[PDB]
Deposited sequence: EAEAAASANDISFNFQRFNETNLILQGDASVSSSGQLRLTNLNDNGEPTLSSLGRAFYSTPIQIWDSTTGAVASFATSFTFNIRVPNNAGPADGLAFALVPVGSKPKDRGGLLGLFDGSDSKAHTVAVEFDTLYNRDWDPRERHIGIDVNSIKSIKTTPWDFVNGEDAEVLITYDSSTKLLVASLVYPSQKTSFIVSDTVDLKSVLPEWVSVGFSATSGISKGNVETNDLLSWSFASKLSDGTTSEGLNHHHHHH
């Protein structure tokens, strides 16, 4: 029963995605999670999500097996002139068929949750966030089990790698800016069996801010995923 799935997209197409809320694929093959107006500028209170169109098996109830996975992606978050960024984007494992949740600081993921995410959090929410912008590991809550500071760079491609090792239960997320040569990493244990259903949708969720001048694009340029169910 040793199952695997791997995919690699250097360009996106709608045909193998479930798009929700504001998410679209551009004619240039970019996954734009949040809404652009007719002038190509990001709008307020935007919420988009996008998932690979086939569910991934994360664990097996008969055998007690848990999947290991790795994903990499390139994102571009651009803030217009005279604006600050909000709210961020996340890679997520969510229940099959789940619909977007609350927007703004809850990143379309949160509002019995069964969601694990890695957030790239561009806006301080004083009720649960650390002060600086951060990479967070989110287990059924917007209040991360662990964060690491992230020195956000406006409009420059970020390259992410997230891995999950089912033998150590360690989830590790890293981001590098090839242009700035800066890099960030966070790691914590997450018991996927105890939090997620057996099958999940994998993909992304992103929101723009709810108030004028708190806004950003949330673009994915490339995405690779691989899972192995031991």
Next item on the list: Take the full deposited sequence, match it to the modelled residues, and report the stretches without C-alphas.
Entry: 1 to 6, 118 to 121, 241 to 255
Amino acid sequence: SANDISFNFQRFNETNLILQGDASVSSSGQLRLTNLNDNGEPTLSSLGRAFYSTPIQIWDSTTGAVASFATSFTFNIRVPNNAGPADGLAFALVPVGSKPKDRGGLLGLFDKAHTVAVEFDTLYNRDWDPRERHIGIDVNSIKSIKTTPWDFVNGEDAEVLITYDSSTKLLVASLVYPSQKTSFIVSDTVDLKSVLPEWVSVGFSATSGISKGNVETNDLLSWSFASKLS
From here on, numbers count along this sequence of modelled residues.
Next item on the list: Using only the Cα atoms and their B-factors as the entry lists them, report which of 158 to 166 and 37 to 45 averages higher.
Entry: 37 to 45
Next item on the list: Mind pulling up the entry and telling me whether 7 to 15 or 217 to 225 has the higher mean Cα temperature factor?
Entry: 7 to 15
Check: What's the residue among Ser68, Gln57, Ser28, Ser187 with the greatest CA temperature factor in the PDB record?
Finding: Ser28
Check: Out of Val176, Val200, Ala173, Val195, which residue has the highest Cα temperature factor in the PDB record?
Finding: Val195
Notebook entry, point to check: Among the chain's modelled residues, which third holds the C-alpha B-factor of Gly136?
Noted result: lowest
Margin query: Taking only the Cα B-factors deposited for this chain, tell me whether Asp121 sits in the lowest, middle or highest third.
Written below: lowest
Check: Lowest, middle or highest third: where is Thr148 by C-alpha B factor in its chain?
Finding: lowest
Note to self: Among the modelled residues of this chain, does the Cα B factor of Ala86 put it in the lowest, middle or highest third?
What the structure shows: lowest
Next item on the list: Within this chain's modelled residues, let me know which third the CA B factor of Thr182 belongs to: lowest, middle or highest.
Entry: lowest
